[PDB]
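# experimental structure and its sequence below.
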Amino acid sequence: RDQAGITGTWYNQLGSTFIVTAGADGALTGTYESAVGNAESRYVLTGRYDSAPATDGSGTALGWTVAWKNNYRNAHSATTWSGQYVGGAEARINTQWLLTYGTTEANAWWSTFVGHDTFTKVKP
Amino acid sequence: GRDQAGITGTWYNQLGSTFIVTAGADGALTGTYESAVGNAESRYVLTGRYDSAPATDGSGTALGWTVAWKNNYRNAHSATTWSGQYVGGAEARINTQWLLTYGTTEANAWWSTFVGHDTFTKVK
Amino acid sequence: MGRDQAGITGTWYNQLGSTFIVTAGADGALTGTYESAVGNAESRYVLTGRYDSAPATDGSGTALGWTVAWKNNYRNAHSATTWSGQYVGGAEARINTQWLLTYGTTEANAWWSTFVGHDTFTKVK
Amino acid sequence: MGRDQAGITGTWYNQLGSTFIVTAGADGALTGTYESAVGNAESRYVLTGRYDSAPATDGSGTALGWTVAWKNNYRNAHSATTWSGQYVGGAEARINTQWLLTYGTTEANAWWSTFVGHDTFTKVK
Ligand SMILES: O=C(CCCC[C@@H]1SC[C@@H]2NC(=O)N[C@@H]21)Nc1cccc(S)c1
Ligand SMILES: O=C(CCCC[C@@H]1SC[C@@H]2NC(=O)N[C@@H]21)Nc1cccc(S)c1
Ligand SMILES: O=C(CCCC[C@@H]1SC[C@@H]2NC(=O)N[C@@H]21)Nc1cccc(S)c1
Ligand SMILES: O=C(CCCC[C@@H]1SC[C@@H]2NC(=O)N[C@@H]21)Nc1cccc(S)c1
């Protein structure tokens, strides 16, 4: 339903690139390249979306994860984005995210960052 | 993967939910989640990522995963992402924070996302 | 005394159409009223919070937060929101926040007691 | 006047060993001091917040929140924390919270300005 719509190349307000393919079964797979932080080149992402959403004008729920390890860098961290795809003229993926990095137990209290990313198909 | 063995297997949270996961050598997480609460019945597909080469200073291993709450029985038009870290040892744990987003209209988007925290252990 | 006391004091507006009226004290206090354009809210609610009255000099923002409990002389939504964020000065002064809204639940329902979001405030509607 | 005014008023301790000393006013006010056992913090910091002074009578918790800006006479960590949560009274009284900690950043570093966590406070040390 929203498979073709979600599938494609997305950019957030930071200039990050999210290249994703939505599967018929609810899979999300692709690559993420962050414009910020301890990150270089593309990282693997996987996630899930609701492949049969409400038809009442509601968005499509989805989420995905990046672990920040590739051949170039390892930031000992993972980000999860949770949010919704909104179709139509101004297609957009509005998210909140959590970034956890590996800490000792004594440091676990400041292990997790929160933020928000909005993605569109136009590079801003 | 340094914790591929420690992570793979069955986990239980404070609410009585069950998470079965395989951790791949390449940083993949795949499995199923069965929730003890909410609009949830039976198992749901889970996918995520973990750091397959963590620090060796006693830091945890960062990870995350997504469940979209659609299976053959039920569709709650929502998805949860868990972001956290695995901590090995006698009392292995996965400590997470999570975001649950449900599909909303634009007018209801301000209240589309819940936040919480779950701790998983290997013992029921 | 307070470095951004002048910049923060006044009326702010968010992306929802809500209105935040605040006074920053020299001692770090935030006092004022919040009027929400959405939810189980009517008219103005008391707000109280704190800000860093001696921020860093290097162009960093000024950290702040405040709370609104959603009870007033009209309604009681058995809930409270906290906003955490920073004030950025200049033209297009802004207060960029993340928020948590907790509502009172039984223990059985506490897992879904807390919403999260983000609000941006500017001096112009 | 407040339903849980006496229940909330007093000293609370979290899982980190931090100490929260609070007075609940009749009108919904929270005032007091916070002393963190961790981070760039020393001694007591001013807190202010709000609680629902007339909660539901169905065994629901009492929604509340408060803010600390991490500046006192000893130290300034250019940051503020807000706790959003609920009070549950009775045998083992507890305040269960989620929190947001924002530190002052430049605009380029704003994306990593806010930490999130959860604290549970009880009356015992
Ligand atoms: O820097 C990294 C790795 C890359 C994160 C990129 C983030 S993910 C959310 C946001 N959205 C984007 O597009 N980019 C940013 N990890 C790390 C480790 C320890 C502390 C901190 S702050 C960060
Ligand atoms: O109920 C569901 C689907 C199942 C969620 C289970 C949650 S995921 C985080 C936590 N950890 C667990 O183990 N279980 C819970 N979605 C939904 C949609 C719209 C509004 C609401 S309130 C809920
Ligand atoms: O509706 C209310 C009372 C008013 C909340 C207004 C919010 S505060 C963050 C955001 N920013 C604004 O300006 N407005 C909104 N409480 C309540 C209780 C139970 C469930 C839910 S969803 C909501
Ligand atoms: O360190 C401080 C000042 C004290 C924070 C204490 C926290 S508040 C939530 C939690 N609950 C407690 O009881 N204690 C902790 N600020 C600061 C600035 C920049 C980055 C970071 S990580 C931290």
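Alright, I've got the coordinates. Numbers count the residues shown, from 1 in each chain, chains lettered A, B, ... in the order given. Ligands and ions are numbered 1, 2, ... in the order given.
# show me where chain A has strands.
Under the criterion DSSP state E, strands of chain A are mapped to A:8-12, A:17-22, A:27-33, A:43-49, A:60-69, A:74-86, A:92-101, A:112-120.
# which strands and helices lie in contact with the third one?
Spelled out, it's strand A:27-33. Judged by 3 or more Cβ pairs under 8 Å, 6 or more residues apart in numbering or on different chains; DSSP states H and E, the packing partners of strand A:27-33 are strand A:17-22, strand A:43-49, strand A:60-69. Using the backbone N, CA and C atoms, a C-beta is placed for each residue, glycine as well.
# okay, it in PDB with CA atoms only?
Below are the C-alpha coordinates for strand A:27-33, written out as PDB (Å, rounded to 0.1, in the frame of the first residue of the first chain):
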ATOM      1  CA  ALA A  27      10.300  -5.300   6.300                       C
ATOM      2  CA  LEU A  28      12.400  -2.200   6.100                       C
ATOM      3  CA  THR A  29      16.000  -2.600   4.800                       C
ATOM      4  CA  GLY A  30      18.600  -0.300   3.500                       C
ATOM      5  CA  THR A  31      21.400   2.100   4.400                       C
ATOM      6  CA  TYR A  32      21.800   5.200   6.500                       C
ATOM      7  CA  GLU A  33      24.500   7.900   6.200                       C
END
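# that one pairs with which strands, parallel or anti?
Here strand A:27-33 has these sheet partners by DSSP bridges: strand A:17-22 (antiparallel), strand A:43-49 (antiparallel).
# any buried residues in the shortest one, and which?
Of all the residues in strand A:17-22, those buried under the rule 16 or more other Cβ atoms under 10 Å in any protein chain shown are A:17-18, A:20, A:22.
# now do the contacts for whichever residue of chain A sits closest to chain C.
Distances between chain A and chain C by Cβ to the nearest Cβ are smallest at residue A:116, namely 4.7 Å. Counting by Cβ atoms under 8 Å, 6 or more residues apart in numbering or on different chains, residue A:116 makes contact with A:94-97, C:98, C:117-118.
# widest-spaced pair of these?
Spanning the widest gap among those are A:94 and C:98, at 14.4 Å by Cβ to Cβ.
# which of the strands of chain A is buried the deepest?
Of all the strands of chain A, strand A:60-69 has the most neighbours on average by mean count of other Cβ atoms under 10 Å in any protein chain shown, namely a mean of 28.
# what residues does chain A have near chain D?
A:14, A:36-37, A:98-99, A:109-110, A:112-115 (Cβ under 8 Å from any Cβ of the partner chain).
# give the burial count for residue A:55, as a bare number.
Residue A:55: 7 surrounding residues under other Cβ atoms under 10 Å in any protein chain shown.
# go on, residue A:110?
The tally of other residues near residue A:110 (other Cβ under 10 Å) stands at 14.
# so it makes contact with residue A:103?
Yes: counting by Cβ atoms under 8 Å, residue A:103 is a contact partner of residue A:110 at 7.4 Å.
# leaving out sequence neighbours, find the closest residue to residue A:79.
Leaving aside its chain neighbours, residue A:79 sits nearest to residue A:99 (4.5 Å; criterion: Cβ to Cβ, 6 or more residues apart in numbering or on different chains).
# surely that neighbour touches residue A:117?
No: using Cβ under 8 Å, residue A:99 is not in contact with residue A:117; the gap is 11.0 Å.
# so who does the residue of chain A at minimum distance from ligand 2 touch?
With Cβ to the nearest ligand atom as the measure, residue A:61 is the residue of chain A nearest to ligand 2, at 8.1 Å. Each residue near residue A:61 by Cβ under 8 Å, 6+ apart is listed here: A:49-50, A:53, A:83-84, B:68-69, B:77-79, B:101-103.
# beta partners for the closest residue in space to it that isn't next to it in sequence?
Computed as Cβ to Cβ, 6+ apart, the closest residue to residue A:61 that is not its neighbour in sequence is residue B:79, at 4.3 Å. For residue B:79, the beta-bridge partners under DSSP bridges are residue B:68, residue B:101.
# next: the one 4 residues further on.
Residue B:83 has the following beta-bridge partners by DSSP bridges: residue B:64, residue B:97.
# quick one: it and residue B:98 touch, right?
Yes: Residue B:83 lies in contact with residue B:98 (Cβ under 8 Å); the separation is 7.2 Å.
# list the residues that contact both of those two?
residue A:98.
# most distant residue from the centre of chain A?
residue A:106 (29.2 Å; Cα atoms, centre = their mean).
# which residues touch residue A:53?
A:1-2, A:59-61, B:77, B:103.
# how much space separates it from chain D?
28 Å (Cβ to the nearest Cβ, to the nearest Å).
# which non-adjacent residue is nearest that residue?
Per Cβ to Cβ, 6+ apart, closest to residue A:53 is residue A:60, 4.3 Å.
# run through the bridge partners of that neighbour.
Beta bridges link residue A:60 to residue A:85 when assigned by DSSP bridges.
# what about it, distance to ligand 3?
Applying Cβ to the nearest ligand atom, to the nearest Å, the value for residue A:60 to ligand 3 is 20 Å.
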